[PDB]
């Protein structure tokens, strides 16, 4: 009995941001989620998320990163929940041996971002607790930082609902019915219709986009993080230890300073187990690599942050073949918007993406340049059934 202007399927990082953007404009919105966001079954838990501006994955992401940062600052002012702490973000790697570090540096130069360049012993001196070989160089971004992801989704949800958005929890959408002038979703708790549909199911996009006649390579990965007892006089946010994303011979790692003594948090970025979101084992430590891959990095580069394991979390990345996102209208339905394949680095952009999705759903276009995220790009290997 209830039609909506817009229906968002998957009220996580991207969906809830979109919900907020829509609700703020008086758009009657329905957000449907398989669980109760924020939760620990998707890709947004683990408390914290790094936001960087100078972007190693590609300088073309800078504009969206900057807009997102501005939106995070706006969110901070609108809710009592803590949103962002300006820890700054350190990026380092072997000199001349990191495409990631190099592109971060080019991105900063190209967009005139404020950064500090340092190398070798200067890194170890500036941040006691970090020990890199002398042949390593680095780019530090002072105005970047850490987002409290669960808080962000919780805030966006509370603000959206206050404005009329309805959130249907513990309801898994199982199928879609799209027509030229309307959209409909089917769930065990009933079906709903609207004029526009936003699809942002995270890791489940890899299993349910086929219901929209889409055939796109999307691989879900099991990615763990660990919190370790650390020397607080070196690794605390209070003594300015930074957030970081770095490249070493065996891959990329990312981490966060200890907040309120909860311990330095670390994650191994380039390796994870290929999994299915409905059968993934979400218990930290069941694979020996869960903990050993982390200590292998800590004992070598941040030796004072390699104490007892205080906490572990298991979460998922959803990768595209080129590791760039998918943000676009469905190729056969201009009334359907797709947000997928964030490949492990999309949370920092969720505020901006919420704005893009809102624009795409309401006008079929967006003021942002989102060409690099086209669902029709060849590197994606997109197809229909």
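Heads up, when I say rigid core I mean the largest set of C-alphas that superpose within 1.5 Å between the two forms. Positions refer to the first chain, counted from 1.
More variable segment, 312 to 320 or 54 to 62 [Cα RMS over structures in 5 other deposited structures of this protein, core-superposed]
Larger mean C-alpha displacement, comparing 312 to 320 and 54 to 62 in 5 other deposited structures of this protein, is found in 54 to 62.
In the PDB record, does 145 to 153 or 212 to 220 carry the higher mean Cα temperature factor? Going by the record's values, the stretch with the higher mean is 212 to 220.
I need to verify one thing: averaged over C-alpha atoms only, is the B-factor higher for 130 to 138 or for 74 to 82?
It is 130 to 138 that shows the higher mean C-alpha B-factor.
Can you pull the Cα B-factors for 116, 121, 238, 195 from the entry and say which is highest? The C-alpha B-factor peaks, among 116, 121, 238, 195, at 121.
Candidate set 166, 269, 265, 163 [ranked by C-alpha B-factor, highest]:
That would be 163.
Ranked by Cα temperature factor within the chain, is residue 16 in the lowest third, the middle third or the highest third?
-> As the PDB entry reports it, the C-alpha B-factor of residue 16 lands in the lowest third of its chain.
#### Entry: Entry-reported Cα temperature factor of residue 352, expressed as the chain third it lands in
Its C-alpha B-factor belongs to the lowest third of this chain's values.
Lowest, middle or highest third: where is residue 39 by Cα B-factor in its chain? Middle third of the chain for residue 39's C-alpha B-factor.
Can you tell me which third, lowest, middle or highest, the CA B-factor of residue 189 falls into for its chain?
-> Tercile = highest for this residue's CA B-factor.
Q) Taking the C-alpha B-factors as the PDB entry records them, is residue 26 in the lowest, middle or highest third of its chain? A) CA B-factor rank for residue 26: highest third.
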